[PDB]
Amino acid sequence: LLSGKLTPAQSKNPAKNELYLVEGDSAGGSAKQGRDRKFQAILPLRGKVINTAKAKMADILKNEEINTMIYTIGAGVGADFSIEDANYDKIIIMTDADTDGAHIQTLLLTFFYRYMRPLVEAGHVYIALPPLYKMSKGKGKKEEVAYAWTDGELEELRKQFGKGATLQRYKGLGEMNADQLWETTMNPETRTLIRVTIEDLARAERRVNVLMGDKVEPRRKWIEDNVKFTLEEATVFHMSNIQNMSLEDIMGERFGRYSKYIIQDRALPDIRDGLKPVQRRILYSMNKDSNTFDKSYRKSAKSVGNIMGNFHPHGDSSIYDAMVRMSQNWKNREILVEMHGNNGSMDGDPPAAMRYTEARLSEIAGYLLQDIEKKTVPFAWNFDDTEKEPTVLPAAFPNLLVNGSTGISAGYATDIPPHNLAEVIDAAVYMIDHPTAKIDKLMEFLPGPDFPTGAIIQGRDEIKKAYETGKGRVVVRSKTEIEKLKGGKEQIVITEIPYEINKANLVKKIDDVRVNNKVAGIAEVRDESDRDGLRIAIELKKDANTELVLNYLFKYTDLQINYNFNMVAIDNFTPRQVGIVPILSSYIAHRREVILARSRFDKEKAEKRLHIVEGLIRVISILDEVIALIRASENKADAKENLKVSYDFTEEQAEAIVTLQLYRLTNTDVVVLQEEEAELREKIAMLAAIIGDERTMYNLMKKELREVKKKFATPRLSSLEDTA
């Protein structure tokens, strides 16, 4: 069932037949249609393939995707491998040219390297190179078949026999249809491969183990050492026909691309605005579509589709799940999406599909985006270069800490817990006035996490270590109480539980203790949570030792868990483990660039308007003259020229004058224009003051953060205790 299905070739012929291993069933469709059916076979691969150098060995044979791969090859596996039993001469890996494409290239080549080495050794394993670009100056002129793999090959296609043409930028084999696929990547004549070889069994064995085995730090190190986080990778210039390449440099090249991408652009939040790229995109798109808190809800599907076609070239479920998460107030301390309908529960029951639900940005999420229009924040091109997207949001509140971030990259993970908005702002304000402020002091203002699930946080000294180093283990325990019953009889009653825990799975594990009678005294386990409150009720027998039970539960269930801080985020393009200080200063530095840029923006604006008001005031005093002059001019350009020569209007002033609608001659109040002149001069002064004086700027940073606090502050939810 769980394997991808095989489409054979028509002819049994080991000497020239090909098995295409294709990324995903959709692309298997296109491959199955563009193929030559007599010597080309197809096995679709169902997303990410197992790791045969992490996962076990019973696992590796239960893996259906593997078993069907071994089957179809018809050679045997590892210690039973015969090369002349094999049904194909070429095993051809063919993936999207996305970076997960690279990840799959990686994952296969290990399996094969490890369990089919003579097949790798005899150079039977290849890789298909799909194109990146397509060029057409036709469609009823004729067409102009033209493709490109390198930005260099593309720049060559500014020639060909036509211009003003199109350039389709491919994002998968999904977007290619049979004819496109045959020519470009499947037809022996035209297609372009690479053969995978073994140059050095030492240097190539080594490369795999580090990259693909479960030692995380040699991997982190390989990434530290090899990956350029701050640089591009001016790629190879695509040799014709086939091209030999070491397993070594491939597992290298490919895993470097995958590692880098998921570190920078997937699983790790940016240190300033606290968003993963997918989440930033949700916010930006839903903002641009005016899907804000003040206006109407909006079908989730519409939202998700726009996000996927404009910014985020990934699956719809990835986006809907991300959007939905931002809407749940047991995951986010401050929700960035409001959403009508079923957005799940704490029992983790599935949210309603995006066809049902509807949604819009939360009020506070407007503040992450505040002043994005005012050139505060560096924009870059979307995946196809139709449209720009922000690399980071203004962030008028310190989201990273408030809402935290839990993610898993390559060579790195991250747990940052949520915090109280007020508390986080208090620290930051202090640090604005005290650059060198140290933990002990900051912790007067930010004592610890504030989970939206509430609960009891235990381990003040481990908080400190996490706030210093970025790592530390703290304890979270459910809010419990006792209640009496008839028959005397007590019952334990749970109202808050640990963050990231599934209520139904917890109730079940508890009840499994009762059933297994691991600790004497439990009668019934009842979930009594209605829509308004959480309320698990553990009912004990007649004279049960209330507190001995409670203890086994904490110990041996998830009624108590340890939260583990591992605070990683992206500083200056790079993954970084970080405590409260770099986080808070990073933010402050960010708000500084924003307030400064917003001020320059607003100021250049105000000056233009001033220069015009200046001109319009003068015009009124010579209005007859100005009109007679426009009447005596030949055209628009002439008039402007006359106005400058005869009256010294600037270009800007003349253009504005020349384009006043006639009805504007009704409003000629010079007193009212003067009032406006005053207001502009003052605005410019205030804005020049900010730009001119760090402290004038910092005091505004603080003024704003205080307003945000006042507008959005809510009580702590999790109580802090010291002993553990």
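Start at 1 and count along the sequence shown; that's the residue number.
Trainee: State whether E625, though modelled here, is left unmodelled in a third or more of the other entries compared.
Mentor: That residue is present in all of the other compared entries.
Trainee: Is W149 without coordinates in at least a third of the other compared PDB entries of this protein that model the residues flanking it?
Mentor: No; none of the other entries leave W149 out.
Trainee: Quick one: higher average CA temperature factor, 391-399 or 101-109?
Mentor: The stretch with the larger average C-alpha B-factor is 101-109.
Trainee: Check the entry's C-alpha temperature factors for 376-384 and 596-604, then say which stretch has the higher mean.
Mentor: Looking at the record's C-alpha B-factors, the answer is 376-384.
Trainee: Go through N342, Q653, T192, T453 one by one and give the residue whose Cα B-factor in the PDB entry is largest.
Mentor: Within the set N342, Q653, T192, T453, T192 shows the top C-alpha B-factor.
Trainee: Reading the B-factor column of the entry, which of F445, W182, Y367, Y412 has the highest value at its C-alpha atom?
Mentor: Reading the PDB entry, the winner on C-alpha B-factor is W182.
Trainee: Looking at the temperature factor on the CA atom of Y170, which third of the chain's modelled residues does it land in?
Mentor: For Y170, whose C-alpha B-factor we compare with every modelled residue in the chain, the answer is the highest third.
Trainee: Where does the C-alpha B-factor of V672 rank in its chain, lowest, middle or highest third?
Mentor: It falls in the bottom third of the chain.
Trainee: Would the CA B-factor of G34 place it in the lowest, middle or highest third of its chain?
Mentor: Within its chain, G34 is a highest-third residue by C-alpha B-factor, going by the deposited values.
Trainee: Would the CA B-factor of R46 place it in the lowest, middle or highest third of its chain?
Mentor: For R46, the deposited C-alpha B-factor lands in the middle third.
Trainee: Within this chain's modelled residues, let me know which third the CA B factor of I691 belongs to: lowest, middle or highest.
Mentor: As the PDB entry reports it, the C-alpha B-factor of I691 lands in the lowest third of its chain.
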